[PDB]
file work29.pdb (PDB, C-alpha atoms)
ATOM      1  CA  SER L   1      -4.440  14.730 -16.591  1.00  0.00           C
ATOM      2  CA  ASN L   2      -0.858  15.934 -16.897  1.00  0.00           C
ATOM      3  CA  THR L   3      -0.423  18.068 -13.761  1.00  0.00           C
ATOM      4  CA  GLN L   4      -0.440  16.719 -10.223  1.00  0.00           C
ATOM      5  CA  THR L   5      -2.476  18.065  -7.295  1.00  0.00           C
ATOM      6  CA  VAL L   6      -1.018  18.353  -3.791  1.00  0.00           C
ATOM      7  CA  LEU L   7      -3.634  17.136  -1.327  1.00  0.00           C
ATOM      8  CA  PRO L   8      -4.519  19.642   1.441  1.00  0.00           C
ATOM      9  CA  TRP L   9      -3.122  17.712   4.385  1.00  0.00           C
ATOM     10  CA  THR L  10      -1.512  19.559   7.292  1.00  0.00           C
ATOM     11  CA  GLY L  11       1.398  18.576   9.493  1.00  0.00           C
ATOM     12  CA  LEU L  12       2.351  15.343   7.726  1.00  0.00           C
ATOM     13  CA  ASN L  13       5.732  13.743   8.268  1.00  0.00           C
ATOM     14  CA  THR L  14       7.325  11.060   6.062  1.00  0.00           C
ATOM     15  CA  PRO L  15       3.958   9.594   4.977  1.00  0.00           C
ATOM     16  CA  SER L  16       4.331   5.889   4.324  1.00  0.00           C
ATOM     17  CA  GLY L  17       1.073   4.640   2.825  1.00  0.00           C
ATOM     18  CA  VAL L  18      -2.192   5.688   1.251  1.00  0.00           C
ATOM     19  CA  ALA L  19      -5.612   4.102   0.668  1.00  0.00           C
ATOM     20  CA  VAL L  20      -8.845   5.470  -0.835  1.00  0.00           C
ATOM     21  CA  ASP L  21     -12.388   4.207  -0.316  1.00  0.00           C
ATOM     22  CA  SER L  22     -15.432   4.167  -2.603  1.00  0.00           C
ATOM     23  CA  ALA L  23     -16.496   7.603  -1.320  1.00  0.00           C
ATOM     24  CA  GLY L  24     -13.147   9.146  -2.269  1.00  0.00           C
ATOM     25  CA  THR L  25     -12.007   9.555   1.317  1.00  0.00           C
ATOM     26  CA  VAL L  26      -8.214   9.345   1.422  1.00  0.00           C
ATOM     27  CA  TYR L  27      -6.437   7.586   4.291  1.00  0.00           C
ATOM     28  CA  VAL L  28      -2.745   8.139   5.023  1.00  0.00           C
ATOM     29  CA  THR L  29      -0.313   6.587   7.488  1.00  0.00           C
ATOM     30  CA  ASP L  30       1.417   9.695   8.828  1.00  0.00           C
ATOM     31  CA  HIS L  31       4.422   7.551   9.655  1.00  0.00           C
ATOM     32  CA  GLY L  32       6.584  10.256  11.230  1.00  0.00           C
ATOM     33  CA  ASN L  33       3.792  11.377  13.592  1.00  0.00           C
ATOM     34  CA  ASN L  34       2.698   7.832  14.560  1.00  0.00           C
ATOM     35  CA  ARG L  35      -0.874   8.402  13.424  1.00  0.00           C
ATOM     36  CA  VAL L  36      -3.395   7.800  10.668  1.00  0.00           C
ATOM     37  CA  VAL L  37      -5.094  10.768   9.020  1.00  0.00           C
ATOM     38  CA  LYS L  38      -8.242  10.851   6.917  1.00  0.00           C
ATOM     39  CA  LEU L  39      -9.477  13.317   4.288  1.00  0.00           C
ATOM     40  CA  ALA L  40     -12.939  13.354   2.743  1.00  0.00           C
ATOM     41  CA  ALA L  41     -13.096  14.029  -0.980  1.00  0.00           C
ATOM     42  CA  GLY L  42     -13.178  17.762  -1.523  1.00  0.00           C
ATOM     43  CA  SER L  43     -12.135  18.726   1.985  1.00  0.00           C
ATOM     44  CA  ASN L  44      -9.288  20.918   3.194  1.00  0.00           C
ATOM     45  CA  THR L  45      -9.468  19.646   6.799  1.00  0.00           C
ATOM     46  CA  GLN L  46      -8.123  16.225   7.759  1.00  0.00           C
ATOM     47  CA  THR L  47      -9.196  14.249  10.815  1.00  0.00           C
ATOM     48  CA  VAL L  48      -7.014  11.929  12.909  1.00  0.00           C
ATOM     49  CA  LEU L  49      -8.365   8.416  13.342  1.00  0.00           C
ATOM     50  CA  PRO L  50      -8.510   7.193  16.990  1.00  0.00           C
ATOM     51  CA  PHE L  51      -5.888   4.475  16.778  1.00  0.00           C
ATOM     52  CA  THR L  52      -3.838   3.955  19.939  1.00  0.00           C
ATOM     53  CA  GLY L  53      -0.131   3.571  20.467  1.00  0.00           C
ATOM     54  CA  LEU L  54       0.931   3.287  16.852  1.00  0.00           C
ATOM     55  CA  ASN L  55       4.661   3.279  16.155  1.00  0.00           C
ATOM     56  CA  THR L  56       5.889   4.280  12.670  1.00  0.00           C
ATOM     57  CA  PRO L  57       2.935   2.692  10.811  1.00  0.00           C
ATOM     58  CA  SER L  58       4.018   1.454   7.397  1.00  0.00           C
ATOM     59  CA  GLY L  59       0.847   0.944   5.363  1.00  0.00           C
ATOM     60  CA  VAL L  60      -2.917   1.195   5.270  1.00  0.00           C
ATOM     61  CA  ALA L  61      -5.956  -0.285   3.526  1.00  0.00           C
ATOM     62  CA  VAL L  62      -9.716   0.160   3.786  1.00  0.00           C
ATOM     63  CA  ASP L  63     -12.475  -2.331   3.002  1.00  0.00           C
ATOM     64  CA  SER L  64     -15.971  -1.865   1.586  1.00  0.00           C
ATOM     65  CA  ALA L  65     -17.397  -1.362   5.090  1.00  0.00           C
ATOM     66  CA  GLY L  66     -15.020   1.532   5.746  1.00  0.00           C
ATOM     67  CA  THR L  67     -12.876  -0.456   8.168  1.00  0.00           C
ATOM     68  CA  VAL L  68      -9.272   0.748   8.141  1.00  0.00           C
ATOM     69  CA  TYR L  69      -6.321  -1.648   8.402  1.00  0.00           C
ATOM     70  CA  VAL L  70      -2.859  -0.421   9.423  1.00  0.00           C
ATOM     71  CA  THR L  71       0.457  -2.234   9.516  1.00  0.00           C
ATOM     72  CA  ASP L  72       1.769  -0.958  12.846  1.00  0.00           C
ATOM     73  CA  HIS L  73       5.338  -1.689  11.873  1.00  0.00           C
ATOM     74  CA  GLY L  74       7.018  -0.506  15.075  1.00  0.00           C
ATOM     75  CA  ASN L  75       4.860  -2.860  17.173  1.00  0.00           C
ATOM     76  CA  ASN L  76       4.984  -6.003  14.965  1.00  0.00           C
ATOM     77  CA  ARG L  77       1.207  -6.036  14.604  1.00  0.00           C
ATOM     78  CA  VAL L  78      -1.668  -5.204  12.280  1.00  0.00           C
ATOM     79  CA  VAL L  79      -4.627  -3.294  13.711  1.00  0.00           C
ATOM     80  CA  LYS L  80      -8.032  -2.447  12.304  1.00  0.00           C
ATOM     81  CA  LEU L  81     -10.562   0.234  13.186  1.00  0.00           C
ATOM     82  CA  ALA L  82     -14.192   0.014  12.138  1.00  0.00           C
ATOM     83  CA  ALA L  83     -15.859   3.210  10.960  1.00  0.00           C
ATOM     84  CA  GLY L  84     -17.010   5.253  13.940  1.00  0.00           C
ATOM     85  CA  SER L  85     -15.237   3.128  16.544  1.00  0.00           C
ATOM     86  CA  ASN L  86     -12.686   4.220  19.141  1.00  0.00           C
ATOM     87  CA  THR L  87     -11.435   0.677  19.813  1.00  0.00           C
ATOM     88  CA  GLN L  88      -8.858  -0.849  17.490  1.00  0.00           C
ATOM     89  CA  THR L  89      -8.624  -4.621  17.008  1.00  0.00           C
ATOM     90  CA  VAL L  90      -5.272  -6.426  16.873  1.00  0.00           C
ATOM     91  CA  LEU L  91      -5.506  -9.027  14.125  1.00  0.00           C
ATOM     92  CA  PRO L  92      -4.473 -12.595  15.040  1.00  0.00           C
ATOM     93  CA  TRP L  93      -1.285 -12.744  12.964  1.00  0.00           C
ATOM     94  CA  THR L  94       1.130 -15.205  14.560  1.00  0.00           C
ATOM     95  CA  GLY L  95       4.855 -15.143  13.967  1.00  0.00           C
ATOM     96  CA  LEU L  96       4.514 -11.749  12.308  1.00  0.00           C
ATOM     97  CA  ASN L  97       7.771  -9.819  12.412  1.00  0.00           C
ATOM     98  CA  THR L  98       7.782  -6.473  10.561  1.00  0.00           C
ATOM     99  CA  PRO L  99       4.668  -5.848   8.416  1.00  0.00           C
ATOM    100  CA  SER L 100       5.490  -3.558   5.498  1.00  0.00           C
ATOM    101  CA  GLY L 101       2.183  -3.501   3.635  1.00  0.00           C
ATOM    102  CA  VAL L 102      -1.448  -4.555   3.792  1.00  0.00           C
ATOM    103  CA  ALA L 103      -4.220  -5.173   1.289  1.00  0.00           C
ATOM    104  CA  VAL L 104      -7.834  -6.278   1.761  1.00  0.00           C
ATOM    105  CA  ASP L 105      -9.990  -7.833  -0.956  1.00  0.00           C
ATOM    106  CA  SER L 106     -13.748  -7.569  -1.491  1.00  0.00           C
ATOM    107  CA  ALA L 107     -14.366 -10.747   0.540  1.00  0.00           C
ATOM    108  CA  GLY L 108     -12.507  -9.261   3.509  1.00  0.00           C
ATOM    109  CA  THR L 109      -9.373 -11.398   3.258  1.00  0.00           C
ATOM    110  CA  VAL L 110      -6.329  -9.501   4.560  1.00  0.00           C
ATOM    111  CA  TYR L 111      -2.881  -9.814   2.969  1.00  0.00           C
ATOM    112  CA  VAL L 112       0.308  -8.644   4.686  1.00  0.00           C
ATOM    113  CA  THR L 113       3.927  -8.529   3.523  1.00  0.00           C
ATOM    114  CA  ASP L 114       6.300  -9.526   6.327  1.00  0.00           C
ATOM    115  CA  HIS L 115       9.557  -7.765   5.633  1.00  0.00           C
ATOM    116  CA  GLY L 116      11.659  -9.439   8.327  1.00  0.00           C
ATOM    117  CA  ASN L 117      10.404 -12.928   7.458  1.00  0.00           C
ATOM    118  CA  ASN L 118      10.585 -12.561   3.624  1.00  0.00           C
ATOM    119  CA  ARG L 119       7.046 -13.791   3.087  1.00  0.00           C
ATOM    120  CA  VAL L 120       3.435 -12.855   2.373  1.00  0.00           C
ATOM    121  CA  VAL L 121       0.666 -14.064   4.690  1.00  0.00           C
ATOM    122  CA  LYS L 122      -3.099 -13.864   4.541  1.00  0.00           C
ATOM    123  CA  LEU L 123      -6.084 -14.083   6.877  1.00  0.00           C
ATOM    124  CA  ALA L 124      -9.427 -15.353   5.602  1.00  0.00           C
ATOM    125  CA  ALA L 125     -12.402 -13.385   6.894  1.00  0.00           C
ATOM    126  CA  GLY L 126     -14.149 -15.050   9.821  1.00  0.00           C
ATOM    127  CA  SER L 127     -11.904 -18.125   9.696  1.00  0.00           C
ATOM    128  CA  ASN L 128      -8.838 -16.262  11.054  1.00  0.00           C
ATOM    129  CA  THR L 129      -6.543 -19.003   9.706  1.00  0.00           C
ATOM    130  CA  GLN L 130      -3.161 -17.591   8.726  1.00  0.00           C
ATOM    131  CA  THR L 131      -1.562 -19.080   5.643  1.00  0.00           C
ATOM    132  CA  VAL L 132       1.710 -18.289   3.910  1.00  0.00           C
ATOM    133  CA  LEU L 133       1.288 -17.498   0.231  1.00  0.00           C
ATOM    134  CA  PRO L 134       3.429 -19.838  -1.869  1.00  0.00           C
ATOM    135  CA  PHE L 135       5.606 -17.101  -3.347  1.00  0.00           C
ATOM    136  CA  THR L 136       9.148 -18.203  -4.153  1.00  0.00           C
ATOM    137  CA  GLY L 137      12.422 -16.300  -4.305  1.00  0.00           C
ATOM    138  CA  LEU L 138      11.224 -13.272  -2.340  1.00  0.00           C
ATOM    139  CA  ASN L 139      13.628 -10.831  -0.708  1.00  0.00           C
ATOM    140  CA  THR L 140      12.238  -8.170   1.668  1.00  0.00           C
ATOM    141  CA  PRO L 141       8.757  -7.798   0.141  1.00  0.00           C
ATOM    142  CA  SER L 142       7.812  -4.153   0.512  1.00  0.00           C
ATOM    143  CA  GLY L 143       4.147  -3.903  -0.494  1.00  0.00           C
ATOM    144  CA  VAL L 144       1.119  -5.867  -1.623  1.00  0.00           C
ATOM    145  CA  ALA L 145      -1.986  -5.461  -3.798  1.00  0.00           C
ATOM    146  CA  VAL L 146      -4.896  -7.738  -4.748  1.00  0.00           C
ATOM    147  CA  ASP L 147      -7.029  -7.379  -7.867  1.00  0.00           C
ATOM    148  CA  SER L 148     -10.661  -8.366  -8.232  1.00  0.00           C
ATOM    149  CA  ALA L 149      -9.706 -11.814  -9.558  1.00  0.00           C
ATOM    150  CA  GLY L 150      -7.771 -12.524  -6.352  1.00  0.00           C
ATOM    151  CA  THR L 151      -4.326 -12.217  -7.952  1.00  0.00           C
ATOM    152  CA  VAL L 152      -1.814 -11.029  -5.348  1.00  0.00           C
ATOM    153  CA  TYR L 153       0.873  -8.547  -6.422  1.00  0.00           C
ATOM    154  CA  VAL L 154       4.061  -8.120  -4.368  1.00  0.00           C
ATOM    155  CA  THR L 155       6.909  -5.619  -4.796  1.00  0.00           C
ATOM    156  CA  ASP L 156      10.001  -7.800  -4.307  1.00  0.00           C
ATOM    157  CA  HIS L 157      12.181  -4.887  -3.258  1.00  0.00           C
ATOM    158  CA  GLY L 158      15.408  -6.893  -2.959  1.00  0.00           C
ATOM    159  CA  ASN L 159      15.204  -8.256  -6.527  1.00  0.00           C
ATOM    160  CA  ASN L 160      13.990  -5.069  -8.302  1.00  0.00           C
ATOM    161  CA  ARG L 161      10.867  -6.876  -9.514  1.00  0.00           C
ATOM    162  CA  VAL L 162       7.100  -7.158  -9.142  1.00  0.00           C
ATOM    163  CA  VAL L 163       5.671 -10.658  -8.914  1.00  0.00           C
ATOM    164  CA  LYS L 164       2.082 -11.858  -9.023  1.00  0.00           C
ATOM    165  CA  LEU L 165       0.438 -15.068  -7.888  1.00  0.00           C
ATOM    166  CA  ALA L 166      -2.964 -16.174  -9.172  1.00  0.00           C
ATOM    167  CA  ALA L 167      -5.462 -17.208  -6.501  1.00  0.00           C
ATOM    168  CA  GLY L 168      -4.967 -20.761  -5.265  1.00  0.00           C
ATOM    169  CA  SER L 169      -2.451 -21.198  -8.056  1.00  0.00           C
ATOM    170  CA  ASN L 170       1.168 -22.327  -7.988  1.00  0.00           C
ATOM    171  CA  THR L 171       2.237 -20.001 -10.807  1.00  0.00           C
ATOM    172  CA  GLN L 172       4.201 -16.869  -9.988  1.00  0.00           C
ATOM    173  CA  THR L 173       4.653 -14.379 -12.815  1.00  0.00           C
ATOM    174  CA  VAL L 174       7.434 -11.793 -12.950  1.00  0.00           C
ATOM    175  CA  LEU L 175       6.057  -8.633 -14.536  1.00  0.00           C
ATOM    176  CA  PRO L 176       8.205  -7.649 -17.568  1.00  0.00           C
ATOM    177  CA  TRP L 177       8.830  -4.259 -16.010  1.00  0.00           C
ATOM    178  CA  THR L 178      11.928  -2.865 -17.658  1.00  0.00           C
ATOM    179  CA  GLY L 179      14.205  -0.589 -15.661  1.00  0.00           C
ATOM    180  CA  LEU L 180      12.550  -1.170 -12.297  1.00  0.00           C
ATOM    181  CA  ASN L 181      14.637  -0.308  -9.249  1.00  0.00           C
ATOM    182  CA  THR L 182      13.856  -0.895  -5.533  1.00  0.00           C
ATOM    183  CA  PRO L 183      10.039  -0.956  -5.802  1.00  0.00           C
ATOM    184  CA  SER L 184       8.361   0.176  -2.613  1.00  0.00           C
ATOM    185  CA  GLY L 185       4.592   0.223  -3.206  1.00  0.00           C
ATOM    186  CA  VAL L 186       1.994  -1.289  -5.505  1.00  0.00           C
ATOM    187  CA  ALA L 187      -1.644  -0.858  -6.500  1.00  0.00           C
ATOM    188  CA  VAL L 188      -3.808  -2.460  -9.193  1.00  0.00           C
ATOM    189  CA  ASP L 189      -6.954  -1.022 -10.823  1.00  0.00           C
ATOM    190  CA  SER L 190     -10.037  -2.696 -12.298  1.00  0.00           C
ATOM    191  CA  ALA L 191      -8.379  -3.031 -15.729  1.00  0.00           C
ATOM    192  CA  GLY L 192      -5.456  -4.899 -14.177  1.00  0.00           C
ATOM    193  CA  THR L 193      -3.069  -1.993 -14.724  1.00  0.00           C
ATOM    194  CA  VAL L 194      -0.318  -2.175 -12.104  1.00  0.00           C
ATOM    195  CA  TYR L 195       1.118   0.958 -10.466  1.00  0.00           C
ATOM    196  CA  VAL L 196       4.485   0.844  -8.678  1.00  0.00           C
ATOM    197  CA  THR L 197       6.566   3.376  -6.771  1.00  0.00           C
ATOM    198  CA  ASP L 198      10.281   3.171  -7.598  1.00  0.00           C
ATOM    199  CA  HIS L 199      12.898   4.548  -5.198  1.00  0.00           C
ATOM    200  CA  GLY L 200      15.995   4.198  -7.378  1.00  0.00           C
ATOM    201  CA  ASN L 201      14.509   6.211 -10.233  1.00  0.00           C
ATOM    202  CA  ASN L 202      12.375   8.287  -7.813  1.00  0.00           C
ATOM    203  CA  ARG L 203       9.242   7.855  -9.885  1.00  0.00           C
ATOM    204  CA  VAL L 204       5.864   6.170 -10.277  1.00  0.00           C
ATOM    205  CA  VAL L 205       5.407   3.794 -13.194  1.00  0.00           C
ATOM    206  CA  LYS L 206       2.448   1.839 -14.522  1.00  0.00           C
ATOM    207  CA  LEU L 207       2.105  -1.278 -16.660  1.00  0.00           C
ATOM    208  CA  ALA L 208      -1.119  -2.272 -18.410  1.00  0.00           C
ATOM    209  CA  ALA L 209      -2.190  -5.899 -18.212  1.00  0.00           C
ATOM    210  CA  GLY L 210      -0.601  -7.784 -21.069  1.00  0.00           C
ATOM    211  CA  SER L 211       1.977  -5.105 -21.787  1.00  0.00           C
ATOM    212  CA  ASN L 212       5.750  -4.888 -21.994  1.00  0.00           C
ATOM    213  CA  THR L 213       5.398  -1.118 -22.288  1.00  0.00           C
ATOM    214  CA  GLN L 214       5.350   0.870 -19.057  1.00  0.00           C
ATOM    215  CA  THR L 215       4.363   4.509 -18.680  1.00  0.00           C
ATOM    216  CA  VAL L 216       6.302   6.809 -16.365  1.00  0.00           C
ATOM    217  CA  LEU L 217       3.632   8.870 -14.680  1.00  0.00           C
ATOM    218  CA  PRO L 218       4.414  12.570 -14.994  1.00  0.00           C
ATOM    219  CA  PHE L 219       4.584  13.410 -11.291  1.00  0.00           C
ATOM    220  CA  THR L 220       7.132  16.093 -10.442  1.00  0.00           C
ATOM    221  CA  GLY L 221       9.525  16.899  -7.615  1.00  0.00           C
ATOM    222  CA  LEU L 222       9.158  13.572  -5.823  1.00  0.00           C
ATOM    223  CA  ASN L 223      11.581  12.634  -3.054  1.00  0.00           C
ATOM    224  CA  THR L 224      11.179   8.907  -2.289  1.00  0.00           C
ATOM    225  CA  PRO L 225       7.614   7.983  -3.314  1.00  0.00           C
ATOM    226  CA  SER L 226       6.604   5.456  -0.656  1.00  0.00           C
ATOM    227  CA  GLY L 227       2.986   4.349  -1.187  1.00  0.00           C
ATOM    228  CA  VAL L 228       0.501   4.332  -4.043  1.00  0.00           C
ATOM    229  CA  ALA L 229      -3.261   3.878  -4.423  1.00  0.00           C
ATOM    230  CA  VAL L 230      -5.642   4.089  -7.393  1.00  0.00           C
ATOM    231  CA  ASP L 231      -9.376   4.803  -7.017  1.00  0.00           C
ATOM    232  CA  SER L 232     -12.300   3.593  -9.148  1.00  0.00           C
ATOM    233  CA  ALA L 233     -11.928   6.733 -11.315  1.00  0.00           C
ATOM    234  CA  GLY L 234      -8.295   5.938 -12.092  1.00  0.00           C
ATOM    235  CA  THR L 235      -6.900   8.801 -10.017  1.00  0.00           C
ATOM    236  CA  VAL L 236      -3.420   7.869  -8.756  1.00  0.00           C
ATOM    237  CA  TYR L 237      -2.409   8.893  -5.208  1.00  0.00           C
ATOM    238  CA  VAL L 238       1.217   8.836  -4.048  1.00  0.00           C
ATOM    239  CA  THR L 239       2.825   9.446  -0.658  1.00  0.00           C
ATOM    240  CA  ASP L 240       5.813  11.725  -1.278  1.00  0.00           C
ATOM    241  CA  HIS L 241       7.863  10.529   1.672  1.00  0.00           C
ATOM    242  CA  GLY L 242      10.804  12.923   1.569  1.00  0.00           C
ATOM    243  CA  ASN L 243       8.516  15.910   0.964  1.00  0.00           C
ATOM    244  CA  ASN L 244       5.932  15.295   3.734  1.00  0.00           C
ATOM    245  CA  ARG L 245       3.096  15.514   1.214  1.00  0.00           C
ATOM    246  CA  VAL L 246       0.602  13.390  -0.710  1.00  0.00           C
ATOM    247  CA  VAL L 247       0.147  14.056  -4.435  1.00  0.00           C
ATOM    248  CA  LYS L 248      -2.518  12.851  -6.850  1.00  0.00           C
ATOM    249  CA  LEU L 249      -2.921  12.693 -10.606  1.00  0.00           C
ATOM    250  CA  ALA L 250      -6.278  12.397 -12.348  1.00  0.00           C
ATOM    251  CA  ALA L 251      -6.749  10.050 -15.275  1.00  0.00           C
TER     252      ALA L 251
END
call {"tool": "encode", "arguments": {"input": "work29.pdb", "output": "structure tokens"}}
result
Amino acid sequence: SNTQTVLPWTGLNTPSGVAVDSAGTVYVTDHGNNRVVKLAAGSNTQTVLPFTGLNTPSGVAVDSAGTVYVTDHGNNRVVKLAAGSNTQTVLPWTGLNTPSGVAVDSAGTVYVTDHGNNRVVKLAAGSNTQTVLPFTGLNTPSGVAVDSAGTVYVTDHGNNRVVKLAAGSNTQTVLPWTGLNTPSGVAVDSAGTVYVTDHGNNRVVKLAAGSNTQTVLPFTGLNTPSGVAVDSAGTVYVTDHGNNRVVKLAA
């Protein structure tokens, strides 16, 4: 598709992050209202998830079980809420300063970019052992994604680059993403295409696996795109921060 759709949310303010589950439900960190909102596919009526005491949440992810993970930036913590529950769980991150993004893989491992500590950390499901991913040269990592192979993708906001790290590997690859400025969000689809939100150029770009040739996605009227998600159908969802809206673009 060539023309974007504005999702029927109400009362958003400076939305910071977006996730989408297998059922097409869309989840948004309504950063300016200190809450997390949820929208079923083909619904015009959001619901507010019963998190407690959030403060300018920066990012969101959802796993196969429908559990929702939120980087509660203002409180230096990451919380999760299982589907149907009213009790949030504070994850056992230690030494976590300012979480800027969160991703969860199919095995339930959680990945968090720590903006204030210039690093990316992960929590294995069940084990709850934090480890620091051996990225090198980072500078205020702003978002994170994980593909089905376990490759971790980080937007290295300070160095205008996207870097990836193969699972258990010691090889970090800079994506040959020409013209990138201040990347702020990342997502990866099942074909390994990478989607990045770019503040400097105020746009959303994508890069196919094994490609030097980006596409600028034809969104329109964006003011600071802040988060991005891609569903199994290839629909691209973007939080339009400066416009208090969430836009999407079918494949």
call {"tool": "resolve_selection", "arguments": {"input": "work29.pdb", "expression": "the PyMOL selection byres ((chain L and resi 227) around 9)", "output": "list in words"}}
result
residues 15, 16, 17, 18, 19, 59, 143, 184, 185, 186, 187, 196, 197, 225, 226, 228, 229, 237, 238, 239, 240 and 241 of chain L
call {"tool": "resolve_selection", "arguments": {"input": "work29.pdb", "expression": "the PyMOL selection byres ((chain L and resi 99) around 6)", "output": "list in words"}}
result
residues 71, 73, 98, 100, 101, 113, 114 and 115 of chain L
call {"tool": "closest_residue", "arguments": {"input": "work29.pdb", "among": "L:192, L:57, L:134, L:126", "to": "residue L:91", "atoms": "all atoms listed in the file"}}
result
L:126
call {"tool": "resolve_selection", "arguments": {"input": "work29.pdb", "expression": "the PyMOL selection byres ((chain L and resi 131) around 6)", "output": "ChimeraX atom specification"}}
result
/L:121-122,130,132
call {"tool": "closest_atom_pairs", "arguments": {"input": "work29.pdb", "of": "stretch 11-125 of chain L", "to": "stretch 151-175 of chain L", "cutoff": "10 Å", "atoms": "only C-alpha atoms", "output": "CSV"}}
result
residue,atom,partner,partner_atom,distance
L:101,CA,L:154,CA,9.4
L:103,CA,L:152,CA,9.2
L:105,CA,L:152,CA,9.8
L:111,CA,L:152,CA,8.5
L:112,CA,L:154,CA,9.8
L:113,CA,L:154,CA,7.9
L:115,CA,L:157,CA,9.7
L:118,CA,L:156,CA,9.3
L:119,CA,L:154,CA,9.8
L:120,CA,L:154,CA,8.3
call {"tool": "closest_residue", "arguments": {"input": "work29.pdb", "among": "L:140, L:62, L:242, L:148", "to": "residue L:110", "atoms": "only C-alpha atoms"}}
result
L:62
call {"tool": "residues_around", "arguments": {"input": "work29.pdb", "residues": "residue L:177", "least_positions_apart": "6", "cutoff": "12 Å", "atoms": "all atoms listed in the file", "output": "PyMOL selection string"}}
result
chain L and resi 155+160-163+183+194-196+198+205-216
call {"tool": "closest_residue", "arguments": {"input": "work29.pdb", "among": "L:54, L:7, L:49, L:145", "to": "residue L:248", "atoms": "all atoms listed in the file"}}
result
L:7
call {"tool": "closest_residue", "arguments": {"input": "work29.pdb", "among": "L:251, L:64, L:51, L:245", "to": "residue L:8", "atoms": "only C-alpha atoms"}}
result
L:245
call {"tool": "build_atoms", "arguments": {"input": "work29.pdb", "residues": "stretch 182-194 of chain L", "atoms": "N, CA, C and O atoms", "output": "mmCIF file, in the coordinates of the input"}}
result
data_model
loop_
_atom_site.group_PDB
_atom_site.id
_atom_site.type_symbol
_atom_site.label_atom_id
_atom_site.label_comp_id
_atom_site.auth_asym_id
_atom_site.auth_seq_id
_atom_site.Cartn_x
_atom_site.Cartn_y
_atom_site.Cartn_z
ATOM 1 N N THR L 182 14.352 -0.916 -6.911
ATOM 2 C CA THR L 182 13.856 -0.895 -5.533
ATOM 3 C C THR L 182 12.388 -0.494 -5.398
ATOM 4 O O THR L 182 12.080 0.568 -4.838
ATOM 5 N N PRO L 183 11.463 -1.303 -5.904
ATOM 6 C CA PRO L 183 10.039 -0.956 -5.802
ATOM 7 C C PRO L 183 9.581 -0.975 -4.354
ATOM 8 O O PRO L 183 9.963 -1.847 -3.573
ATOM 9 N N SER L 184 8.732 -0.020 -4.002
ATOM 10 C CA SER L 184 8.361 0.176 -2.613
ATOM 11 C C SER L 184 6.864 0.155 -2.358
ATOM 12 O O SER L 184 6.467 0.097 -1.192
ATOM 13 N N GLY L 185 6.031 0.232 -3.388
ATOM 14 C CA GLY L 185 4.592 0.223 -3.206
ATOM 15 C C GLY L 185 3.924 -0.228 -4.481
ATOM 16 O O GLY L 185 4.487 -0.091 -5.571
ATOM 17 N N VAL L 186 2.722 -0.792 -4.346
ATOM 18 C CA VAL L 186 1.994 -1.289 -5.505
ATOM 19 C C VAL L 186 0.492 -1.118 -5.307
ATOM 20 O O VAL L 186 -0.024 -1.169 -4.187
ATOM 21 N N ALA L 187 -0.198 -0.905 -6.425
ATOM 22 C CA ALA L 187 -1.644 -0.858 -6.500
ATOM 23 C C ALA L 187 -2.048 -1.409 -7.862
ATOM 24 O O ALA L 187 -1.263 -1.393 -8.812
ATOM 25 N N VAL L 188 -3.277 -1.925 -7.944
ATOM 26 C CA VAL L 188 -3.808 -2.460 -9.193
ATOM 27 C C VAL L 188 -5.246 -1.967 -9.350
ATOM 28 O O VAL L 188 -6.010 -1.962 -8.382
ATOM 29 N N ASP L 189 -5.615 -1.550 -10.570
ATOM 30 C CA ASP L 189 -6.954 -1.022 -10.823
ATOM 31 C C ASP L 189 -7.835 -2.095 -11.475
ATOM 32 O O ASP L 189 -7.425 -3.245 -11.663
ATOM 33 N N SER L 190 -9.073 -1.715 -11.813
ATOM 34 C CA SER L 190 -10.037 -2.696 -12.298
ATOM 35 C C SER L 190 -9.689 -3.236 -13.682
ATOM 36 O O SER L 190 -10.182 -4.310 -14.055
ATOM 37 N N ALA L 191 -8.859 -2.530 -14.448
ATOM 38 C CA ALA L 191 -8.379 -3.031 -15.729
ATOM 39 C C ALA L 191 -7.144 -3.909 -15.595
ATOM 40 O O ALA L 191 -6.599 -4.348 -16.614
ATOM 41 N N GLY L 192 -6.682 -4.163 -14.376
ATOM 42 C CA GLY L 192 -5.456 -4.899 -14.177
ATOM 43 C C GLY L 192 -4.191 -4.112 -14.437
ATOM 44 O O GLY L 192 -3.113 -4.707 -14.466
ATOM 45 N N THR L 193 -4.280 -2.797 -14.627
ATOM 46 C CA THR L 193 -3.069 -1.993 -14.724
ATOM 47 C C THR L 193 -2.387 -1.952 -13.364
ATOM 48 O O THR L 193 -3.036 -1.748 -12.341
ATOM 49 N N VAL L 194 -1.080 -2.135 -13.347
ATOM 50 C CA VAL L 194 -0.318 -2.175 -12.104
ATOM 51 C C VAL L 194 0.447 -0.871 -11.960
ATOM 52 O O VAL L 194 1.056 -0.398 -12.925
#
